[PDB]
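Following this are structure 1 and structure 2, which are two forms of one protein chain, each written alone as structure tokens.
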Structure 1
């Protein structure tokens, strides 16, 4: 057509595919804190000159709030540029705290490195700096999380031996990150609501093994809810006696996180060193730990890292004293207790186990202590009767070890004979299985923290925390039934976190040709994932049921100061097809004040900037287009053109010359003479972003409703978290927009999307967002 701006020739369905593809790269940021400005300048220069990385240094020559505003307003526009961004922070922790800088980093989907306590020649500091240059545009610190345990090994990218290649499972890794963030969000909910620690229990709807680890990394305990529990096939009252069949410390973590979910109080026999426990948060736990190798230092180090109360005893455990007053067990009078016995001996092992067995058969029946679970290593060459045996299981990461695990329980079999030949044949079979099938037997231990019941009918009193997705959204539950349950959950002030495929995003991705019918099919909202049937849900359906979408980014930034999960490296198209939702009562209670963790900053400009770059849209021209879209809408509503003057700038869409009104189902929009109207630009931008990734739009709209007037900043928040919004002399968050300015934006949203994407937008996506906005502003 030979004109600019040009959407007609630059945006087609293949451009849209490429935008989807670019969305896998939307987390380019590293935030790197250190105390040595000349060191920062050197590695800034080295990485930008060698790899093109965009580098910023917040060094304190500008006031911290203005530096953050300038730096991250710029970065917000560049997140779809497919170039790494590194912000070095060299001001002292007194100028901007670790927790604040971490919150900002994760709100922008970045990696976070805090090394400001290091001296200039720290070998760790120099190493992490040199890693910037070596790996750019990648970096080996995860985004939005301290740790990572998937198959990607960055050192393998440097080795000729390994062909300078490594593993990359974006979808699987982002799904683990998501489980982690959802757990971290519940932990942040518990902490904000001041829930007592023994009540920090979350119900996982549908069995989902990684949550045991993520929960215990956050100091909460999981329980699984299953409709029907299959019988494992083995012996005993629950069929767990011989049922039918990359953390380096995962063998210890598998058992210990499970065992830690059964009781706030633990007898740990053979505990030294228990290094894997140092990564967990165990505030509210008490650990009585027996080992001769234990020292006073190991005790204090263990309580300092985990927050648990640790009683460290430098003795062998006394298996011959059948007293509740022996082995210091006194502390657990009138309490719950579980017992992790890790002990073993290389000689007379069969005898040692017999005496332990007799002891545990006694211990599980105490009346002054409510003993929940006891685990013991089992390796027996003879036939042996056992009482109170609930389970006899293989070790899921035991590999080819010949050892089983026995679990004692009040509700076990009263008596059973364990034939050594059957166990030996069982271990023959188990050790002969692939590593995966071995690992997937952890489902046998998790049976013991699974409840049977219909999640739709569960008791939601007392602020109960629940995490639910497929087991609620699958075809077997009607949408009508799920939405009533959710509406009732929000009514009860429960915390059911709900996730589901987003109907209109998925239909869009198929429409432009990204997703093939071979991979995923849908009929209306009924979805068939290839390699099960699911119901998609939309934002307006859920808002009517009292639920507000929140992004994974927002959840982890919100949870940043309690978060202890994993991060991620790549974004994933498949995960982006899903949306997550939290109850409106919690949003109104705690999220109407938009600090950076709760803001759409990392989505509100990067798609617009990408499209302006592609389509040759100058900065001012963009605002002229917005004026022109408002002009066309006002004419379509038969407003006399003499009543308004289109300006089309960034601060003035139009000026009102004489009073007029536009009819609208959320109360007539009213424009008074001699006023300037500045419609809400961020609504238009979020409606574009909502075509490609999960959207913070509904949460943003609720904050926009709240922000018709100045609002005092919350007292207990660091005010630097509000850097991205204007604050008044009086110290209040300054008003944003009138309801007229928001709803007018909602009214032209469809025309704006048609403009920006060359009429290849999704009318259905815009429509569901418009409905939700209209309900937000309902009169």
Structure 2
């Protein structure tokens, strides 16, 4: 035993398990890099491989694209826990594999994606991104699963002695920001797929969570928050927002502008030039009337092209003394909602300028042909003044010791109020004397204006409503019985409530083996204390409530063609303790056909391969072990050994000699004489994967149940998205497995995990997965 291979006994103990958790932080090694020059690709493949040992592939068209993708990514699926970078160069034309398809493939394997085909061989951008492969390996400065990144990590700093060749690295914070981005992108994908009208692209965020304003505007979605908590800001005015108690480029401007854009689809942007930060936003459905004397027709046409909003650029000064909804082209907004962003400034007579603007806005806010929702104005007043319709006067959260505030006019604002320039000087002087992280938190004063107070469990779920209930509904103030009822009702209403919660049994597994010390995180039954209390949730109870787990990887791959969020660089053990869930109705409507975006390809081989390498398990021996596990299961069911013959190969688990049946919750497992049984091996490795990271067992199981028979490919999907599965001559995705082959795998799953993890598995993880698989396959 000690002196036998395969050896799980000496190789897998609690220290090995901890080491697998550790390796899981490095589980995203892939870069996919597309370019049109094969000799360049061959040079840098040689250079990175020879210096760093990066594993390199070139898809160059010597082999048909479907076959090339299949062999390349079957190989790569087994290596994703090897802690070595992997690069796939794609040098075929976009008409051979589109940008969107290759991006889908890259993100489904958790990779960075670089599209530079049809860049000239002279492109400094192409040469630079290639040299960066050799410079940074085994790291790379293009984020995994998204083009952009706005965290503190600065890759250029790793190449320079100025910071001693080191940069910041906040793995947990960056992956959480990535997670919010993806959840938003998934809602954007849902809106596209369900043909939601542009003016209904609104999501409710359960619990205040500031980054969702930016992520929503990055995808053309308007956020709104629901908070149980009464805000009580402690200022004056009807809402207490007049002086309340106290790393994107141009984040200062993004902070206010994405907030204001959240308040109306029609915007009057006074003094808008150049608003470069807007160009990264998706503003389909918005109308922006921009006034600035520096407006050119080219700025107008670039803003409209970048954002997709209908932009009217007025190259004149806006007239603050013409009190007419027919002046300043305001008539375009009659019978509609309007919000106004005033960023105007002048060196000559700045104080008088504002008194003019103030009087104009006090007039404008109260019009009746336009529903003016919110006006924001630079506020830097020397002389005292009395203000009308003032709802808020707030500091800038990214203002950082600066004179100027931001005044907010509203129809529900303070009718009149005396704003003493001695207190606005004091208030700003205190505010100048605070930390960056304190003052940034004052953005909650802005965001309460787009916050509804109420109990999200009581919200109206009508109309296919989109809701992101990230961590919030799992807080122990919401009882599990009420949340499961809510979610069940949400699925029945065919709403889109996206739900996240700590994963009970994975959190418990991580405690039990000594990863988390039982200090930084602690639990008792399903109640969990983080360092606040949430309830953990598991897949069986949620599947009963009509919810199916999907991983974050699957969500961003599925949404790849609308995604406009951030990527990430490292995985994070903390984030991996959570699971995310979507309603069953949407899975069955749109996700039963498993193209690579919804595949668990990047999970089903990498853990098994790592364990076989550690434990000296030969390829064919693995399949022998599987047949032996089946043998012991059938024996334990008093099946007569005479009726079957174990084969134990990749293509045949066993052969049925004579007819027999095994009693099973879902109805007996029927084995007909003289048939070959090939059990569903991916169920077994997904059960191992579920010990360490979110593992999409039930999404795969629903897909697997659907693939009891052949299914025609969907007509509006590039067929290369199906490269990883057999497609019949007729164009049907070929069937996968019978119910017996899947439920048999579920029946031996406990003994498999015990074998592969030296009885140091979690029987609780297995049982909740087994139970939910039986639910998928119920009579």
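Residue numbers count along the first chain shown, from 1. Between two forms, the rigid core is defined as the largest C-alpha subset superposing within 1.5 Å.
One chain, two forms displayed separately, with the form solved without S-adenosylmethionine being the first of them, structure 1. Relative displacement of the residue 228 Cα between the two structures on rigid core alignment is 2.0 Å. In this core superposition, residue 330 moves its Cα by 1.2 Å between the two structures.
At residue 467, the distance the Cα travels between the two structures is 0.6 Å after the core is superposed.
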